[PDB]
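Pasting a structure here, questions to come.
FYI, side chains are in, hydrogens and waters are out, and symmetry mates aren't considered; it's all heavy atoms of this structure. Convention: sequence-line order gives letters A, B, ...; per-chain numbering from 1.
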Amino acid sequence: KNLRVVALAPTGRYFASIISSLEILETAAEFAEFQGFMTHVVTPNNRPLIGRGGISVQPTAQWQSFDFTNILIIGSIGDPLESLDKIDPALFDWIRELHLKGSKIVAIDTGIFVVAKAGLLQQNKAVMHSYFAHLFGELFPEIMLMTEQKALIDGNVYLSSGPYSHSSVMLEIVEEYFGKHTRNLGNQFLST
Amino acid sequence: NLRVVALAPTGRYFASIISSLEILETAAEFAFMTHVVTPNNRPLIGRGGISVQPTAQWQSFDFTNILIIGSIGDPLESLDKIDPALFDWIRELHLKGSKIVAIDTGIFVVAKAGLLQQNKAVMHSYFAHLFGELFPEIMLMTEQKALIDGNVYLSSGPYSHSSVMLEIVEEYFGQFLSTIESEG
C-alpha cells in the first residue's frame, strides 16, 4: 500500500548519488504505477546541505521524525578520515535501530564506512572502490573486501561502491518491491 | 580560476548535474569555480522533499570555460517551454569558446540550439523516435553513448558520464581518476 524511503545525505560535498538513487527509485515507482511511494532527504543535523556550484539544499523532514522506514539510504561521507568520527552518535543509534527493526539499509560510496562502523554486516565482508579501499583496510582490517565486486548484499544490508553507478543495487530493490518487468523497465531507462 | 556554469532545467532530474560538478571539482583538487543555474533563477524542487536554491543568475555570465546543460526530463513536455533567451545565451557562449556539455535529454537542447555542426547525435533508444521527429536531419549513433562534435560534448547517461568528464579533465589537467573511469 505504502513504501517509505529515507535518504540520509551526510555532506553537500558528495550528495549527487543520494539524489540519483531517489530519481531512479521514484521513476521505477512510476513505471509500476505505484501510488504510495514516499521519499525523504534528511541531513545529519537537519540543516541545509551546502552543495557545489553555490547551492543550498533545504530538507523538509528531520531524521528524528522517522521511527520506521522500508528503506534507509546512507549516502557519501566524503573522506572518512575527515568525517567518520564526527558523526552524531545518536545518528549511529538511529541506523543501528532501524537495522535491528528490519529496515533495508542501502549504503553507497563512503556511506559503506558508516555501515562498517555500525557493525551491520553479519558476515563481515564489504566492497569499496579503489580510491578509498586502502583506508577501509586500515580502519576495518577485520572486514574482507571483495575486490572483484562493485556491490554486495548481506541480509538486509546492500552495499554499492559507486561512487556514481548504483544500478545493480537500486534495480535489485526495484525488483523486490515492484517485480521483474518494473526492474527491466528501470534497466532500460538506465541504458545499462 | 576556470569557470563552469551548469544549467539544471528540472528538479525531477538534476542529480547528473551535481555529480558532474563533484567529479570536476574533485579532479581539480588533485591539480574550477562552478555555478549551478536554473532557467528562471528560482529554486528547483527536487525529489525527497528538498528545494535547491541557486546563488547566481544565468544572465550574469558572459563567458565560461565549460557550460553544462542537464536533463530536461521529458522533452515532449519541457523543450517548448524553455526560454528562447536561453538558446541565444548557449549559442553566444559557444561562439566565445565554451565547451558545451549536454547530458541525457539536455542533448535535445543543444540539437535545437543548432550546435551540432556535423549533424550527428546520441540518444537513449526510448527517446530516439521523439528526437528523430523533432530533428529529422540529425543522424543518431546507435552504438555510442557519447559523442564529441568540435567543442560540443554529448553524453546520454542518464547517470554515468565518466568518458566525457574524464576527457574534459584530461584537457585541462593533462586512484581517483581510475575509480571514476572503472564505472564506465
- Does any non-hydrogen side-chain atom of B:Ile69 lie less than 4.5 Å from one of B:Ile103?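 The answer is no, as the side chains (C-beta and beyond) never meet within the 4.5 Å cut-off.
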- Is A:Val42 linked to A:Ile50 within one hydrophobic cluster, defined over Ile, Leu, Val, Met, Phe, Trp and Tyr using a side-chain heavy-atom separation of less than 4.5 Å?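 Per the 4.5 Å side-chain linkage, A:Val42 and A:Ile50 are not co-clustered.
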- Message: Quick check: do A:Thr39 and A:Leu25 have side-chain heavy atoms less than 4.5 Å from each other?
- Response: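 Side chain of A:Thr39 against side chain of A:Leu25, heavy atoms only: no contact under 4.5 Å found.
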- Item | Check: A:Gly36 main-chain N/O paired with A:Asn2 side-chain donor or acceptor under 3.5 Å |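 The answer is yes, because a donor-acceptor pair under 3.5 Å joins these two groups.
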- Tell me, yes or no, whether the heavy-atom count around A:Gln122 atom CD, taken from other residues, nucleotides or ligands under 6.0 Å, exceeds 12.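 It does not: A:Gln122 CD has 12 such atoms or fewer within range.
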- Message: Using side-chain heavy atoms (C-beta onward) and a distance below 4.5 Å, is A:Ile18 in contact with A:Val41?
- Response: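 Of all side-chain heavy-atom pairs linking A:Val41 with A:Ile18, at least one is under 4.5 Å.
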- A:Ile173 vs A:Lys104 side-chain heavy atoms within contact, under 4.5 Å: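 Side chain of A:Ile173 against side chain of A:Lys104, heavy atoms only: contact under 4.5 Å found.
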- Taking atom types as modelled, find out whether B:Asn41 and B:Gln59 have a side-chain donor-acceptor pair closer than 3.5 angstrom.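 Yes, side-chain donor-acceptor contact under 3.5 Å.
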- Task: Could you check B:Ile66 against B:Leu2 for side-chain contact (heavy atoms from CB on, under 4.5 Å), going step by step and ending with a plain yes or no?
- Result: CA-CA 8 Å; B:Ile66 303 164; B:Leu2 293 169; over 6 Å; no
- Closest contact, heavy atoms only, A:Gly51 versus A:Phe15: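 Nearest heavy atoms, A:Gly51 then A:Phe15: CA-CE2, 3.9 Å.
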- Message: Evaluate B:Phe131 against B:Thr105 for side-chain contact (heavy atoms from CB on, under 4.5 Å), listing each step before the verdict.
- Response: CA-CA 9 Å; B:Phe131 189 89; B:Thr105 54; over 6 Å; no
- Item | side-chain contact (heavy atoms from CB on, under 4.5 Å) between A:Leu72 and A:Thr69, worked out | CA-CA 7 Å; A:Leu72 170 72; A:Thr69 187; 4.1 Å; yes
- State, to 0.1 Å, how close A:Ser76 and A:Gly78 come at their nearest heavy-atom pair, and which atoms those are.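 For A:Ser76 and A:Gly78, the tightest heavy-atom pair comes out as OG-N, 3.0 Å.
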- Out of curiosity, B:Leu95 CG to B:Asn151 CG, how far, rounded to the nearest 0.5 Å?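 The CG atom of B:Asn151 is 10.5 Å from CG of B:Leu95, to the nearest 0.5 Å.
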- Do B:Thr26 and A:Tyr14 have a side chain donor and acceptor closer than 3.5 Å?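 A:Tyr14 and B:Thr26 do have a side-chain donor-acceptor pair below 3.5 Å.
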- Message: Checking the side chain of A:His166 only, and the main-chain atoms of A:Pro163 only, is there a donor and an acceptor separated by less than 3.5 Å?
- Response: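 Looks like yes, one N/O pair under 3.5 Å.
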- Query: In Å and rounded to the nearest 0.5 Å, what is the CG to CZ distance from A:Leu171 to A:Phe178?
  - Reply: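 Atom-to-atom, A:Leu171:CG and A:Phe178:CZ are 12.0 Å apart.
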- A:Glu33 atom CD, over 12 foreign heavy atoms within 6.0 Å: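 Counting neighbours around CD of A:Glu33, 12 or fewer heavy atoms of other residues, nucleotides or ligands fall under 6.0 Å, so no.
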- Task: Please report the closest heavy-atom contact between B:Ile90 and B:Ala113, naming both atoms and the distance.
- Result: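 Minimum heavy-atom separation between B:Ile90 and B:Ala113: CG2-CB, 4.5 Å.
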- Return the orientation label for the B:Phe176 and A:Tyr131 ring planes: parallel under 30°, perpendicular over 60°, tilted otherwise.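 Ring orientation, 0 to 90° scale: perpendicular.
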- Item | From A:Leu121 atom CG to A:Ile112 atom CD1, the distance as rounded to the nearest 0.5 Å |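 Those atoms lie 9.0 Å apart.
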- Kindly compute the distance separating OG (B:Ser125) from CG (B:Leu140), expressed to the nearest 0.5 Å.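 One gets 10.5 Å once the value is rounded to the nearest 0.5 Å.
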- Close side-chain approach of A:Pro48 to A:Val57, heavy-atom, < 4.5 Å: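 Not touching, per the 4.5 Å side-chain cut-off.
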- When you check the gap from the basic side-chain N to the acidic O, do B:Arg91 and B:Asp88 get nearer than 4.0 Å?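 Yes.
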- Query: So do A:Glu172 and A:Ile153 actually touch side chain to side chain, heavy atoms under 4.5 Å?
  - Reply: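 Result yes, sub-4.5 Å side-chain heavy-atom pair found.
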- Task: Please answer: with hydrophobic residues joined when any side-chain heavy atoms are less than 4.5 Å apart, are A:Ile105 and A:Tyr177 in the same cluster?
- Result: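 Linked, A:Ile105 and A:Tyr177 end up in one cluster.
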- Measuring from A:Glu30:CD to A:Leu185:CG, what's the distance to the nearest 0.5 Å?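 A:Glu30 CD to A:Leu185 CG: 10.5 Å, rounded to 0.5 Å.
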- Can B:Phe173 and B:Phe32 be said to form a ring-ring contact (aromatic ring centres under 6.0 Å, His included), step by step? CA-CA 11 Å; B:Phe173 307 122; B:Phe32 290 111; 5.3 Å; yes
- Message: How close do B:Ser156 and B:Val122 get, counting heavy atoms only, and between which atoms?
- Response: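 So the minimum-distance heavy-atom pair works out to OG-CG2, 3.7 Å.
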- Message: Within a 6.0 Å radius of atom CD on A:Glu176, are there more than 12 heavy atoms belonging to other residues, nucleotides or ligands?
- Response: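 Check passes, neighbour count above 12.
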- Message: Between A:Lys86 and A:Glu82, does the salt bridge (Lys or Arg N to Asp or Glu O under 4.0 Å) criterion hold? Intermediate values first, please.
- Response: CA-CA 8 Å; A:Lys86 304 175 112 262; A:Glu82 209 307 337; 5.3 Å; no
- Does the pair B:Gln118 and B:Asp149 meet the rule for a side-chain hydrogen bond (donor to acceptor under 3.5 Å, both in side chains), with working shown? CA-CA 7 Å; B:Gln118 301 179 80; B:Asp149 178 352; 2.8 Å; yes
- Task: Treat each ILVMFWY residue as a node, draw an edge where side-chain heavy atoms are under 4.5 Å apart, and state whether B:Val152 and B:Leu134 are in one component.
- Result: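 Both belong to a single hydrophobic cluster.
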- If we only count heavy atoms from C-beta on, is the A:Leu8 to A:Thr43 side-chain gap below 4.5 Å?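 Result no, sub-4.5 Å side-chain heavy-atom pair not found.
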- Message: Using every non-hydrogen atom in the two residues, find where A:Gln149 and A:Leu152 come nearest and quote the distance to one decimal.
- Response: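 Reported closest heavy-atom pair: NE2-CB, 3.9 Å.
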- Query: Mind checking whether B:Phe63 and B:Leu115 sit in one hydrophobic cluster, side chains of I, L, V, M, F, W, Y counted as touching below 4.5 Å?
  - Reply: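 No, B:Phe63 does not connect to B:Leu115 through the hydrophobic network.
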- Is there a donor-acceptor pair closer than 3.5 Å between any side-chain N or O of A:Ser160 and the backbone N or O of A:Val169?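 It does not hold such a pair.
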- Message: Please check this pair: side chain of B:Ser98 against backbone of B:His94, looking for a donor-acceptor N/O pair closer than 3.5 Å.
- Response: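 No, because the side chain of B:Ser98 does not come within donor-acceptor range (under 3.5 Å) of the backbone of B:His94.
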- Query: Under 6.0 Å from the NZ atom of A:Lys180, do we count more than 12 heavy atoms belonging to anything else shown?
  - Reply: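 Atom NZ in A:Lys180 is not packed in, count stays at 12 or less.
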- Item | Intermediate values then yes/no, side-chain contact (heavy atoms from CB on, under 4.5 Å), A:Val106 and A:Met170 | CA-CA 9 Å; A:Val106 180; A:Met170 278 329 138; 3.7 Å; yes
- Query: Is A:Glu26 paired with B:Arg47 through a side-chain N to carboxylate O contact shorter than 4.0 Å?
  - Reply: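 Looking at A:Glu26 together with B:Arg47, the answer is yes, because their closest N to O distance falls below 4.0 Å.
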- Has the side chain of A:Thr60 got a donor or acceptor atom that lies under 3.5 Å from a matching backbone atom of B:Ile50?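 Looks like no, no N/O pair under 3.5 Å.
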- Nearest non-hydrogen partners of A:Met128 and A:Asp109, listed with the distance: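 Distance-wise, the nearest heavy atoms are CE-O, 3.7 Å.
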- Item | side-chain contact (heavy atoms from CB on, under 4.5 Å) involving B:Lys112 - partner list, sequence neighbours excluded |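 By the side-chain contact (heavy atoms from CB on, under 4.5 Å) rule, B:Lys112 matches B:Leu79, B:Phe87, B:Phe135.
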- B:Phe30, B:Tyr172: one ILVMFWY side-chain cluster at the under-4.5 Å cut-off?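 Yes, B:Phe30 and B:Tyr172 fall within the same hydrophobic cluster.
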- Message: Which label fits A:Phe66 and A:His40: parallel for a plane angle under 30°, tilted from 30 to 60°, or perpendicular past 60°?
- Response: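 Ring orientation, 0 to 90° scale: tilted.
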- So, do B:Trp58 and B:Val5 sit near enough that their side-chain heavy atoms are less than 4.5 Å apart?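 No; the side chains remain at least 4.5 Å from each other.
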- Message: Consider side-chain contact (heavy atoms from CB on, under 4.5 Å). Of B:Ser20, B:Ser19, B:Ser160, B:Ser162, which one does A:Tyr164 pass it with?
- Response: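 When side-chain contact (heavy atoms from CB on, under 4.5 Å) is applied between A:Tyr164 and each of B:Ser20, B:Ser19, B:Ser160, B:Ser162, only B:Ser19 qualifies.
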- Just how far is it from atom CG of A:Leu98 to atom CG of A:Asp67, taken to the nearest 0.5 Å?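 Answer rounded to 0.5 Å: 8.5 Å.
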